[PDB]
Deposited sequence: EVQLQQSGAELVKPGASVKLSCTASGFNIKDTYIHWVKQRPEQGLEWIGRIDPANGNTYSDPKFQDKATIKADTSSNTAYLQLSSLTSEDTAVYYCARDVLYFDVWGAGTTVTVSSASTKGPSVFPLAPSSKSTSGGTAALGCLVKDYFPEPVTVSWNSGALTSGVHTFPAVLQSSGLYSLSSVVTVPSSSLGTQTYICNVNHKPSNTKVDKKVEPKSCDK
């Protein structure tokens, strides 16, 4: 089964350097060319460059600076993107892809966030005001965190239906904030428990807030 696993989300203080890993499964990077594409939030796809892992030949776009060094190791089946001295104009999702004269295998992306600093997880309880007979709403509020990668899940992957994880809003305080509602019937509230599993890999925070209903 063909694949490209990328490294975990990471915080990166401005001016510091980062090295992402792109690891193949099912094929040898030697028999192909591994490319990197930069995608800024709400922006398009921007081609960075490629390494030909058979000879080590690399080419990065001229307009795209030589602030990205493409590397590879065939014995580990891994390609690297070394981004040095990063600014906020380098906060983007970095994708790695395999090229067979078109991009047919992609990596899930690495969220690169330059962090000057560093998630308060509060419970959005399901009350009788947010209850329409046999329909209800409950969630978690991911308030005041500095790097943007936050990962809200429900019952560790068991609860997926009705889940609405809202995009992040950058507060006046300069810290991101988002809600995560889910629709469930008002019959199984006192029996079924709902825990949100918010993970903030940049600042290394893992919270597991339990959602409990209240008296109106």
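Undergrad: Could you sort out which parts of the deposited sequence are absent from the coordinates (no C-alpha) and give them as ranges from 1?
TA: Going by the record, the segments left unmodelled (no C-alpha atoms) fall at 119-121, 220-221.
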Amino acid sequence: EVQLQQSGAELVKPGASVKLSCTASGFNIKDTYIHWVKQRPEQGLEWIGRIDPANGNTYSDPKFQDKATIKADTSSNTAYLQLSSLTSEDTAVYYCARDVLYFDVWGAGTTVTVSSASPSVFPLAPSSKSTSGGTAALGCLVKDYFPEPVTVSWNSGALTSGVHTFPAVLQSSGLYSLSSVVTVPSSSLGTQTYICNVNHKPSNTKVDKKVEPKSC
From here on, numbers count along this sequence of modelled residues.
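Undergrad: Can you tell me which stretch has the higher mean Cα B-factor, 161-169 or 36-44?
TA: 161-169 has the higher mean C-alpha B-factor.
Undergrad: Which is higher on average in the deposited entry, the C-alpha temperature factors of 72-80 or of 127-135?
TA: The stretch with the larger mean CA B-factor is 127-135.
Undergrad: Name the residue from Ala16, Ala9, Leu20, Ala24 with the greatest C-alpha temperature factor listed in the entry.
TA: Going by the entry's C-alpha B-factors, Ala16 comes out highest.
Undergrad: Could you say whether, by C-alpha temperature factor, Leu189 belongs to the lowest, middle or highest third of its chain?
TA: Tercile = highest for this residue's CA B-factor.
Undergrad: Check where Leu141 lands among this chain's C-alpha B-factors and tell me if it's the lowest, middle or highest third.
TA: According to the entry, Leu141 has a C-alpha B-factor in the chain's middle third.
Undergrad: Against its chain's modelled residues, does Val114's Cα B factor rank lowest, middle or highest third?
TA: Middle third - that is where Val114 ends up once the chain's C-alpha B-factors are sorted.
Undergrad: Taking only the Cα B-factors deposited for this chain, tell me whether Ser88 sits in the lowest, middle or highest third.
TA: Its C-alpha B-factor belongs to the middle third of this chain's values.
Undergrad: Divide the modelled residues of the chain into thirds by Cα B-factor and specify which third, lowest, middle or highest, holds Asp52.
TA: CA B-factor rank for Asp52: lowest third.
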